[PDB]
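Below is one structure; the comments refer to it alone.
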Amino acid sequence: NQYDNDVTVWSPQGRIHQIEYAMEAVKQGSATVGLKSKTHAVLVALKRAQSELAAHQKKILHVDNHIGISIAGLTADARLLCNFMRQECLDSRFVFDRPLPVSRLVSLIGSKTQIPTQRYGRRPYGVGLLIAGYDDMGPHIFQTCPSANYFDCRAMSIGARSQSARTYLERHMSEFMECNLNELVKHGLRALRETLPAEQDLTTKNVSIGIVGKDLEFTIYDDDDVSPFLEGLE
Amino acid sequence: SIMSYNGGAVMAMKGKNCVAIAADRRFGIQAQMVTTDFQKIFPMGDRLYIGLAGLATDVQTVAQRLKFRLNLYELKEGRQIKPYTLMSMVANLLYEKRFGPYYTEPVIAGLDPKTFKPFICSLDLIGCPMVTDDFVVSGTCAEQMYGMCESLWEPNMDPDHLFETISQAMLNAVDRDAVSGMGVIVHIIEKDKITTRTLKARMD
Amino acid sequence: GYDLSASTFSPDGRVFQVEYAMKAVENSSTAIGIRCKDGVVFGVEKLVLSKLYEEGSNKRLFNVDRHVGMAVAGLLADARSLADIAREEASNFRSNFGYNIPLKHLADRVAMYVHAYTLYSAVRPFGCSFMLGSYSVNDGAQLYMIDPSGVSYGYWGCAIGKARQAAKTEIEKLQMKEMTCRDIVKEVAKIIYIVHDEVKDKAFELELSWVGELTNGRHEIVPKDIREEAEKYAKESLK
Amino acid sequence: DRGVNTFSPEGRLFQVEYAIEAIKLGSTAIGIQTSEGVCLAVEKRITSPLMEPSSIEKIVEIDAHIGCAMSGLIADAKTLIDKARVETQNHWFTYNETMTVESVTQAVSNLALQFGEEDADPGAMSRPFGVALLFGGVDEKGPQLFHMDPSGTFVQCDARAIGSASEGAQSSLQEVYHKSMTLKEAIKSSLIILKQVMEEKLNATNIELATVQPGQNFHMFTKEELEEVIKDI
Amino acid sequence: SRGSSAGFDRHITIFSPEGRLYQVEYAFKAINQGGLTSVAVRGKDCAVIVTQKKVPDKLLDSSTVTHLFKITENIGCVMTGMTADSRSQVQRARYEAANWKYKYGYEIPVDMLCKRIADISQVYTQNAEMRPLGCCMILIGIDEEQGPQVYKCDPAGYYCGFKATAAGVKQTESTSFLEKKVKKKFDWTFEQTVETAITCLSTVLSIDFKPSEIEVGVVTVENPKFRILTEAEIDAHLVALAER
Amino acid sequence: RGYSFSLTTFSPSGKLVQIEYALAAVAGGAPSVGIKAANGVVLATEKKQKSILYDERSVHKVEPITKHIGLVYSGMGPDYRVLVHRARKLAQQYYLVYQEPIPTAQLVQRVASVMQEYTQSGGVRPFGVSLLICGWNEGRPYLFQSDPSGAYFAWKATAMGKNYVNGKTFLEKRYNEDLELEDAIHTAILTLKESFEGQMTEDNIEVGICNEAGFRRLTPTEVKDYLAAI
Amino acid sequence: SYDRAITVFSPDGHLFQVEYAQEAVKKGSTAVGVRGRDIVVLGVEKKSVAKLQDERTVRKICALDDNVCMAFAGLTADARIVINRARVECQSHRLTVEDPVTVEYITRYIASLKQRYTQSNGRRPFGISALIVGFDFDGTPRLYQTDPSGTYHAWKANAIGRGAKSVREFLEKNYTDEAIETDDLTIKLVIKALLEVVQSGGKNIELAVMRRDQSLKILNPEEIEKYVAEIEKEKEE
Amino acid sequence: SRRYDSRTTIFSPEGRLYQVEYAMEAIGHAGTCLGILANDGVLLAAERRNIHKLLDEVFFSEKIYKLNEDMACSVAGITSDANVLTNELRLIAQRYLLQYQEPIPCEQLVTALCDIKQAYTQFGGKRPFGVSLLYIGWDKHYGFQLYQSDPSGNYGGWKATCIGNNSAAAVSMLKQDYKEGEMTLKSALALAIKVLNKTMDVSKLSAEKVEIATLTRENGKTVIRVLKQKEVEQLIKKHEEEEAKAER
Ligand SMILES: *[C@@H]1CC(=O)N(CC)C1=O
Ligand SMILES: *[C@@H]1CC(=O)N(CC)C1=O
Ligand SMILES: *[C@@H]1CC(=O)N(CC)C1=O
Ligand SMILES: [Cl-]
Ligand SMILES: [Cl-]
Ligand SMILES: [Cl-]
Ligand SMILES: [Cl-]
Ligand SMILES: [Cl-]
Ligand SMILES: [Cl-]
Ligand SMILES: [Cl-]
Ligand SMILES: [Cl-]
Ligand SMILES: [Cl-]
Ligand SMILES: [Cl-]
Ligand SMILES: [Cl-]
Ligand SMILES: [Cl-]
Ligand SMILES: [Cl-]
Ligand SMILES: [Cl-]
Ligand SMILES: [Cl-]
Ligand SMILES: [Cl-]
Ligand SMILES: [Cl-]
Ligand SMILES: [K+]
Ligand SMILES: [Mg+2]
Ligand SMILES: [Mg+2]
């Protein structure tokens, strides 16, 4: 109460309410799913449309040839962070002439996002990311949080009703490592579909897909390009 | 030489209870005379004057920046600045520009505002002060000026003799210098009055 | 209220924001360090909050120099940032003075950094405590521990986090001065299994690292085969 | 009182939510995107007959191929419009091509959360912008309409209303809109909707309308061209 | 007045209506949080610092538990109060002394080092954005003209030279003990300096120490370098005290 | 990075209360007295010197600024040390430019101006001291006071600290314009005795004097000598 | 330096500092402008009278450049800052474009200055509105108004300050092709507009005119009371 | 830190600036200070507050400051604040002189300072200066002049005015006695003593309790003088004689 307006004020329980409030920004975003096999990392996102005549918000963003992201929370914080990541990737190719390893980029995120959690008059980032990448150590899925913590994942879901998606993913995760790409994306879509109200369905208008792997640079699939992946949910 | 671009000469001289300060009147640019009534001596007090020779632009800037500082000083303190203290003020102003100096080498002449004791000094362009009990000179005919002062100056001169001596030292010195002269002005400073004269003088 | 800023003393001369940050470390699961004859061993009870996470996610053991390990408890983003401070300090020390930073000096320097965040309304205290461990032939084995107030001491054995006291009482049973790192890892694993509350928090990974004569003064993860044997020893000891 | 970058327990920035409330104080503006171009239409909201109507400009040209309709605190919109203008000309300078509608909208939207009182320059933005914006234009993707609000969120819309009567107007837009609608139908539709939602009787001086079409540059309708369209409506 | 308060005068270093600085007063209470007491005495030949050494945990490496610090080769110190604050103040002192030598070519006098640390502390009593350090510094050294010196500074930025002094929980009782003992002594000056120091501390705490429960540091006219006594050296003093 | 707002502001009745409260710290300070004789100035102050344990010589309340100027104060000691240091520095800055010792009045002005800054500038409180400043220049003695607002006053004689009101009336009925320095030292020490409590020794009062020869502290033996008659 | 956010949003989208700045404008002296056919006129109230005041030193009508002047209502010290910034800017424009500012250009400049002080740290908004008049290069006469928010509009006629509501009401009824057919009637329309609200009429209405190419002329109290009688004896009929 | 910032430079709900108003209360309590313009000069007359018996008397005045060759000022309010402002006035006057080589015109000096006071009410988060000032001067554009400024950064020209204690009463008396166009320095001096006599109603007026300065022209040069005590007693005498005349 006197402890919930400043990121520099610890509560008597050893918590920081501003960080916890920032995490609500991500819980209220639309759901997204990330998962991986031996060879590919996939992101799957539900796009919310303001009205019946609006397009649908971009949820998946290119970072580098080997890295893409899915977002949940404040879109403007998502872009700022995405632009930071892009820049860190360009720097590594300029200096070393090779891709920035995914776990190193995620580290740089943790460091950058921690800084404002500790200075008066700053605020946490109000965004959570799922990060799909491929490098020397294979495919990855990372998750980043407004707390500046991050996680290396077999699979993950964040956003509204993502608990259901998480439950699906736990149920099937022992199958993921050996899936071919279509099988893996189908799994991602099924997980994401669990977040939906019973009435509603996945369509080409509300689903966005991101894929990267050994043979394939980070590619985004929207609208008509998701149809191949949606037929086969059968 | 930067200091000879405009030419010119100032001197000051001490007498019993009086001081004198004098200057040529030419403002020229190398060979060309531009004007013949250029001011080089400026009041800093009822009984205290500063004479500046050297580059004409810096003669004027130093006189003006000096007056700025002196006016603030006098307003803030109760009082009229002492001669020795003006010297220090000027030295400090010149030495701030140690590495890009003003091209001027001033002389100061005055009476103490309480004791009426005579004071004269000069400074180099970076603010080294030099006080004497006879005379000081500055400008493009300093040697000519030294020759005249060393030979004519005598101690304890009354105002009239002081006037004739400084006048003859200036006229005859500048008449041996191409880029000084076109007139001489002389100020005699006494306890009870300032006498200001221009001299009959060569105009070549 | 007297507990909103680290630049405000309470009427009894306390700084509550530092105490509250300490409470964040005390809510964390337990990490321990044990100094022995020939090096230092660290173990962490690493709670697994989702089965979706990879093995090794959210490591609480770091290399901060080739000879120095760090073990943490508390808010993890704060700990990682402190590990970066420690790394930078070790790096600059080598660049300026031309040799590996001595453990004690490293501890004192990072501690003065932590301390600087306990004086001001402009910033908050770090929500972490951490241990630093090294070994060399010249300096022997050293284990230091730093808390959110910036206090730094050396130890024979140490524990931080929510089962701190229970861990210390088990550690006190060892004659660690005469034991080797190979013997001590088994005892670290044993103690983590004792203090773990298997009803209240369900699933953990044991994390182990060491630095000693046997690693030639390099801080390293305990190899997998040795960790699994230590776990098995711990589990059966729990009997 | 709390700081400008404070989150609420629902995970929103108080100042952004309050700025969103200020949009509701603006006059209604409408945008519609058709395959033949986009139209922007706005209620002027004249407060005195002594006020010159043509000095209310709530539709502005960004570049030849892009217009902008605004609603909310109009003085706040000025720096946003200037930034869009400057950005499209920088892009032309550097790349010798026109900037996309999406790209312009993005650049402007990157200003939105740049406020705060202990990161930035000696007197940088103290609060967000109290403005919503509709960018309508034509680029190589075809005709295009984008909406932006004080959160910095932006999105393409087939039709959209902003300001006081936007609920209402948005409902009528759902009803009348179809993918194959002509530009002239879109112009009539949006004048019809403004007519419903406006407090004042619509006429050719208390509204503005602009279009941008694949053939033709940004065009503000004249009094005369407006009167023509108003006849049927 | 009489314990009155307006506005933010208990949260930051502004004046209360009686002209007090409550935040400064609270920093003095912070000194006692640690629970320790320190004593320092000077005679003609030496100056001594004695403090408690409490190692409650067996798992501590007790060689790292000290409140005694070398500032320069010839200046020692005992710190009392909050530990990390104290360490900060010790580093500052080391920095001031080293800087002084580099600029001026001779060693900082103890009085000057104490005055410097006190002036730095003063700033925290007048600027609102940081708290005072909740600690107290006692410095010993030999001055070439004045002999052995004992100086102390506090969180108010007050400082003084002393015949003897103390800090922490039992400061007042130690001050009493020490005053009573100097009045007795001719030319108001201590002579058995290490014994007075330990005896003071033993009385005001009622303890009768083992050698591992105190630390002792000295400087002497014949040996001006700051020296910390070993356990055996301290034991010799405890035994010689026990036997009369 | 420092607070940028003033911590002293106007109350609804036009009072700057932080300054008034700084004056309350001065009023609770140990007593100080200053008397301007015809041929010099004396400054005297009471040491709040408890313990026989204090080394009285180790810190001084009566302090030199230049050869010809000295200070004493009432209020908070550490605040005073700041102002002593600044006053010294201001005096030397003046000397470097003008090559003449700073006149007493000019030094007071510049110090008083520093005290004014701390009533307005960001994130600081005023100084909790009043200064008495003595000097000799233009063949004449000066005695000035400078208060926590930065206001200053020239006095013939005054008192500050505990019991100052009485001390001032004690001097009112006791100072004359034609009075000598040695007698002034005597009446200054009596003014302190009016409010002392403790029995005075040369180790718990401090006296400084100012005349043609310059400013200096009296030695303990000199004070002892003046104390014999009292 | 002081970086506090001073103007911030409240619940329901208000900017309270700006609203409060507007309250400061409403307690200023009334000011009125009318755009004539080839003249523009500004009149302003009072403010206090006081026989011991040097009249010259407290005018509320101000030249910005030769072809543009302004009146304000609100905090007179705030105005003086706005006026001097606008004067500097008119000279920067002439420098880099070699034309005098249009009335709209300088208006737009004043307005965006105002807007900036509602969105920058460490500052409060300006507590003034302004009526800005002149002529464009092509002879078109102009009357603009700015307010603390930085909003601006062109007007045929307008009032700001205390009693602006009723003065604007009067102008809405009385501004016609007939009331501005000539110079004298335009001037009188302003004096009537004030005389409504102006307490001990009048006495204290400062007035100024600007003609195409002709620069600013202020009327003296002798030249004013000519128009006062010339309107007063007409309203008996 | 937001919690401790008293926010000195913001509006209240009626468009007011409280710190300015509060500073105006401080001024109203300070020593009364009046200014009077005549045909042959201008004067300032001020109540002394430095009046205890043991004070030394070392400067030529207490509240009259010389600003440059042609101008002087007096002040009412916080003294230390007034020293900062009068120092800044002197600097502004020398900066002009340096740049143009003529004296700063009176109104221009006043305006330059007022813009500094204005700034302190609009940004920076500091308390304003607790000072009002009366300025007297001569320049070649408007001759003899009298100005008044206050903490809002507002100023005006006056033929006569008063600040400080009993201001309203003093202005009332001036409204009635002052002759626009017809005052001389001698009659203005008389009116000044009349007004201070009425407005120092605690209690009986004395030369040790007032300061009077006059600004005149002589031989194309400004002369600024603080009247000696002899002249002040003499004028008080003439006022007391003049009241004997009042009835018959
Ligand atoms: C960090 C870890 C997690 O589950 N969340 C909740 C939204 C994060 O942002
Ligand atoms: C004399 C006093 C002291 O400290 N020492 C050193 C052990 C002495 O011998
Ligand atoms: C040090 C010297 C002295 O006499 N005092 C007053 C108590 C000190 O603090
Ligand atoms: Cl989202
Ligand atoms: Cl958002
Ligand atoms: Cl988290
Ligand atoms: Cl989530
Ligand atoms: Cl200069
Ligand atoms: Cl712990
Ligand atoms: Cl809307
Ligand atoms: Cl060295
Ligand atoms: Cl002894
Ligand atoms: Cl601040
Ligand atoms: Cl010093
Ligand atoms: Cl000196
Ligand atoms: Cl001395
Ligand atoms: Cl600006
Ligand atoms: Cl209005
Ligand atoms: Cl001048
Ligand atoms: Cl001048
Ligand atoms: K403080
Ligand atoms: Mg010649
Ligand atoms: Mg020739």
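Residue numbers (UniProt numbering), protein chains in the order written: chain A, 4 to 237; chain B, 2 to 205; chain C, 7 to 245; chain D, 9 to 241; chain E, 2 to 245; chain F, 4 to 233; chain G, 2 to 238; chain H, 2 to 249. All C-beta atoms, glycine included, are put in the ideal place defined by N, C-alpha and C.
State yes or no: is the beta carbon of residue i nearer than 8 Å to at least one beta carbon in chain G?
i, result
"residue 119 of chain H", "yes"
"residue 60 of chain D", "yes"
Give the secondary structure of residue i by DSSP, where H, G and I count as helix, E and B as strand, and everything else as coil.
i, result
"residue 90 of chain E", "helix"
"residue 240 of chain E", "helix"
"residue 100 of chain C", "helix"
Between residue i and chain D, is there a C-beta pair that is closer than 8 Å?
i, result
"residue 189 of chain G", "no"
Give every residue of the same chain whose Cβ lies closer than 8 Å to the Cβ of residue i, excluding the five residues on either side of it in the sequence, and list them in chain order.
i, result
"residue 190 of chain E", "44, 45, 164, 183"
"residue 74 of chain C", "92, 96, 107, 109, 112, 138, 139, 140, 217, 225"
"residue 75 of chain F", "35, 37, 46, 47, 48, 64, 65, 66, 134, 135, 209, 211"
Just to confirm before moving on: does the CB-CB distance between residue i and residue j stay below 8 Å?
i, j, result
"residue 131 of chain B", "residue 123 of chain B", "yes"
Consider the Cβ of residue i: report whether some Cβ of chain H lies at a distance smaller than 8 Å.
i, result
"residue 229 of chain F", "no"
Leaving aside the five residues before and after residue i along the sequence, list all residues of the same chain whose C-beta is less than 7 Å from its C-beta, in chain order.
i, result
"residue 202 of chain B", "172, 182, 184, 185"
"residue 122 of chain F", "11, 19, 22, 129, 152, 153"
Between residue i and the rest of its own chain, which residues show a CB-CB distance below 6 Å, the 5 nearest in sequence each way excluded?
i, result
"residue 48 of chain B", "111, 112, 190"
### Query
Does the pairing of the region 117-126 of chain D with the region 151-168 of chain D give three or more beta-carbon distances under 8 Å?
yes
### Message
Would the region 82-93 of chain G count as touching the region 148-155 of chain G if we require 3 or more Cβ pairs under 8 Å?
### Response
no
### Any 3 or more C-beta pairs closer than 8 Å across the region 127-145 of chain C and the region 91-99 of chain E
no
### Task
Count the C-beta pairs between the region 68-81 of chain D and the region 48-56 of chain D that are closer than 8 Å, then say yes if the count reaches three, no if not.
yes
### Task
Assess, as a yes-or-no matter, whether the region 3-21 of chain B is touched by the region 212-223 of chain A under the definition of 3 or more beta carbon pairs within less than 8 Å.
no
### Query
Given 8 Å as the limit, is there contact between the region 123-143 of chain E and the region 215-228 of chain E, that is, 3 or more CB pairs closer than that?
yes
### Task
Determine contact between the region 129-149 of chain D and the region 85-102 of chain D, defined as no fewer than three beta-carbon pairs at a distance below 8 Å.
yes
### Task
Report yes or no: do three or more beta-carbon pairs, one from the region 152-167 of chain A and one from the region 56-65 of chain C, lie closer than 8 Å?
yes
### Three CB pairs or more closer than 8 Å across the region 15-27 of chain E and the region 23-38 of chain F
yes
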